[PDB]
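>>> need coordinates for the below:
(chains A, B, C and D)
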Amino acid sequence: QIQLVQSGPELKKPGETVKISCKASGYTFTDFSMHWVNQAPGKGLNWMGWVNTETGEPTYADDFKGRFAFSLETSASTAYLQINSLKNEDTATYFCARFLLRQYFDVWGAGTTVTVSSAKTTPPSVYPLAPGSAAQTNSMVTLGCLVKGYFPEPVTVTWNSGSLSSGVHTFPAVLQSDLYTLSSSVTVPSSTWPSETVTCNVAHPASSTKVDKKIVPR
Amino acid sequence: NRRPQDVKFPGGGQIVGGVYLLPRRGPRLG
Amino acid sequence: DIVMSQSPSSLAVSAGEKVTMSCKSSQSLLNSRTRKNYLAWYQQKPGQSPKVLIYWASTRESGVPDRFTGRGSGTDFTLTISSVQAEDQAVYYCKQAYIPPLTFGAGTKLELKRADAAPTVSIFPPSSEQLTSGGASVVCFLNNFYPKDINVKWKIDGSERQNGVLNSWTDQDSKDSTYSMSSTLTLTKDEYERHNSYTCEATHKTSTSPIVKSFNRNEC
Amino acid sequence: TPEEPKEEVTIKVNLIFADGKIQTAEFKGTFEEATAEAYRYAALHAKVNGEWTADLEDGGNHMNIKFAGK
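Numbering: from 1, shown residues only, chains lettered A, B, ... in the order given. Structure data below:
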């Protein structure tokens, strides 16, 4: 299928340089102009510029002139977004969208979220939240999972490797003292627990860690 | 924006901006 | 530079109703020659990337409900989702591409309205694992309630605590259109074991009396 | 940045239709340009829902808007 696959989350300190990538699969990387859009955390989207994928010629918007660099590795159906002398303001996530002569973006990439900061990467301690030794039954049990004390903001979360998607509420991260915390809850039928097993798959692409805490009763 | 420093007239392949387009009647490089 | 302005900001409509959004441009977006308007509508769900809905200010992109409609020309354009559903919750953007740089409106959030639901509250004591390391955090899960406004409180042995609790809320559920918030009370193991009862109280628009989930350390 | 004091605010709005339905909306921006942005929207709607009227309050902050219908 036509698709764009970007690099991973990046955590650089102020002043550090960074290069995120956008792999083009599914079409001919040289027929469409590839653009780069950014979204400040909680803000709208902003057109940064675009690289001619046939000339190499890159066009930049003013708000993003100097410090930013578009390029590509034509031989690899890949385009690269570089940012030098990084500032805390530069924190956000960057997309790369294929552009048509009809003047729109028919395909984006999951976007690469870079976060500038001085704090150091720290693994997320993961704890299982099972209903303590109490509560009737009501034929509907709500399990938990508490991720905590980690940094590099992104820590994707799922249950039973994705097999469990319904009844799932994973909450947004929350920063306190340079460390975030996030909780996620599943709510399965009583009959399926502790009958069948339930574990929360939690990853943190920075500390390069990953924990599959299986929730056992108390 | 094309490529040799100047700012207006030839071109037409990988375009950005609807005002620069003309109706289908030619080949070009894209 | 063409300045895009979207209206309104947020917008709450019940399922089934047809909603309408406006998008004005700094200047004309009509190419007199191609005779096309270069305004596209993008829909972007929480955490996802943007998803093109309409282009040429009117033409609907492939694989899209006739429910989404784009009318307009020049500077005055509007998007109209007829018969709105929960699967439409997102932020909608109009981007002009008539003349660089390309620009987007500030985005118009589309929320959904429904019957006030009571939050189902759950409480969980500090896990053996966490305690194992002088740390104790209590978690309460106020899930699937409506409206989105809700207040929470924590009591350690009848007493109310304010320091140490961190709160999170989720975007409207892509299915029931309700809301979920999470409060977790953190503190030291050296503390947690000096007190017995831990109970969090949820106060919602669906009542004058709060929902109360509690547990007593001398029973776990 | 033009600088010098003058913030933004939130204009809560009730969209009450003749058909009996109700929609909500918020218009954010500079007092004047938003209260207007609102009127505009309201106008933009009466296009198919009848002429509109209103009962401002909260100092123009909160706003209700009935669409006469047709």
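
>>> distance of the residue nearest to the spatial centre of chain C relative to chain D?
Taking C-alpha atoms, centre = their mean as the criterion, residue C:171 is the residue nearest the geometric centre of chain C, at 2.8 Å. For residue C:171, the distance to chain D equals 16 Å [C-beta to the nearest C-beta, to the nearest Å]. No exception for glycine: its C-beta is placed from N, CA and C like everyone else's.

>>> name the nearest residue to that residue, ignoring sequence neighbours.
residue C:46 (4.2 Å; C-beta to C-beta, 6 or more residues apart in numbering or on different chains).

>>> coming back round to it: for the residue nearest to the centre of chain C, helix, strand, or coil?
coil (DSSP: H, G, I helix; E, B strand; the rest coil).

>>> ok, it touching residue C:89?
Yes - the criterion here is C-beta atoms under 8 Å, and residue C:171 meets it with residue C:89 at 7.4 Å.

>>> who touches both of the two?
Jointly contacting residue C:171 and residue C:89 under the rule C-beta atoms under 8 Å, 6 or more residues apart in numbering or on different chains are residue C:46.

>>> and chain C, which residues reach chain D?
C:5, C:7-14, C:17, C:19-20, C:22, C:78, C:113 (C-beta under 8 Å from any C-beta of the partner chain).

>>> elements contacting the biggest strand by length in chain A?
Scanning chain A for the longest strand, with DSSP state E as the assignment, gives strand A:179-189. Using 3 or more C-beta pairs under 8 Å, 6 or more residues apart in numbering or on different chains; DSSP states H and E, the elements in contact with strand A:179-189 are strand A:140-143, strand A:146-150, strand A:157-159, strand A:169-170, strand C:135-145, strand C:165-169, strand C:179-188.

>>> and whichever helix or strand comes after that strand, what does it pack onto?
Sequence-wise, the next helix or strand beyond strand A:179-189 is strand A:199-204, with elements assigned using DSSP states H and E. When contacts are defined as 3+ C-beta pairs under 8 Å, 6+ apart, strand A:199-204 packs onto strand A:157-159, strand A:209-214.

>>> out of those strands, nearest to chain D?
Distance to chain D, taken as C-beta to the nearest C-beta, is lowest for strand A:157-159 among the helices and strands packed on strand A:199-204, at 30.8 Å.

>>> torsion angles phi and psi at residue 3?
Looking at chain A here, since you left the chain open. When read as degrees, to the nearest 10, the backbone of residue A:3 gives phi -160, psi 150.

>>> looking at chain B here, not the other one
Per degrees, to the nearest 10, the backbone of residue B:3 is at phi -150, psi -30.

>>> which residues touch the residue nearest to it when sequence neighbours are not counted?
Once flanking residues are discounted, residue B:3 sits nearest to residue A:57: 4.5 Å by C-beta to C-beta, 6+ apart. Residue A:57 is in contact with A:51, B:1-3, counting by C-beta under 8 Å, 6+ apart.

>>> most neighbours among the residues you listed, which one is it?
Greatest neighbour count in the contacts of residue A:57, by other C-beta atoms under 10 Å in any protein chain shown, goes to residue A:51: 25 neighbours.

>>> excluding its backbone neighbours, what's nearest residue 17?
Since no chain was named, I'll use chain A. Using C-beta to C-beta, 6+ apart, the closest residue to residue A:17 is residue A:84 (4.5 Å).

>>> that was the other one, I meant chain D.
residue D:67 (5.2 Å).

>>> for the one you found, what are its contacts?
Counted by C-beta under 8 Å, 6+ apart, residue D:67 has contacts D:15-18, D:42, D:45-46, D:49-52.

>>> in contact with the nearest residue to residue A:137 once chain neighbours are set aside, which residues?
Using C-beta to C-beta, 6+ apart and skipping the chain neighbours, the partner closest in space to residue A:137 is residue A:190 (5.5 Å). Residues in contact with residue A:190 (C-beta under 8 Å, 6+ apart) are A:137-141.

>>> now the longest strand of chain A: buried residues?
A:180-188 (16 or more other C-beta atoms under 10 Å in any protein chain shown).

>>> separation between the residue nearest the centre of chain D and residue D:12?
Centroid check for chain D by C-alpha atoms, centre = their mean gives residue D:38 as the closest residue, at 3.4 Å. From residue D:38 across to residue D:12, the span is 10 Å (C-beta to C-beta, to the nearest Å).

>>> before we move on, what about residue A:142?
Distance from residue A:142 to residue D:12, by C-beta to C-beta: 34 Å.

>>> more crowded one of those two?
Neighbours were counted for residue A:142 and for residue D:12 using other C-beta under 10 Å; residue A:142 has more, 23 against 15.

>>> for chain B, what lies in contact range of chain A?
Counting by C-beta under 8 Å from any C-beta, chain B sits next to chain A at B:1-3, B:13-18, B:21, B:29-30.

>>> quickly name whichever of these is closest to chain D.
Distances from chain D to these, taken by C-beta to the nearest C-beta, are shortest for residue B:18, at 24.9 Å.

>>> number of nearby residues for that closest one?
Residue B:18 has 24 nearby residues by other C-beta under 10 Å.

>>> using the three-state scheme, assign residue D:36.
Once three-state DSSP is applied, residue D:36 turns out helix.

>>> how much space separates it from chain A?
Look at residue D:36 and chain A: by C-beta to the nearest C-beta, they are 21 Å apart.

>>> cool, residue C:217 as well?
10 Å.

>>> please pick out the residue of chain B most distant from its centre.
For chain B, the residue at maximal distance from the C-alpha centroid (C-alpha atoms, centre = their mean) is residue B:5, at 14.7 Å.

>>> leaving out chain neighbours, which residue sits closest to the residue in chain D that chain A sits nearest to?
Residue of chain D nearest chain A, by C-beta to the nearest C-beta: residue D:28 (12.4 Å). Distances taken as C-beta to C-beta, 6+ apart put residue C:9 closest to residue D:28, at 4.5 Å, once the chain neighbours are dropped.
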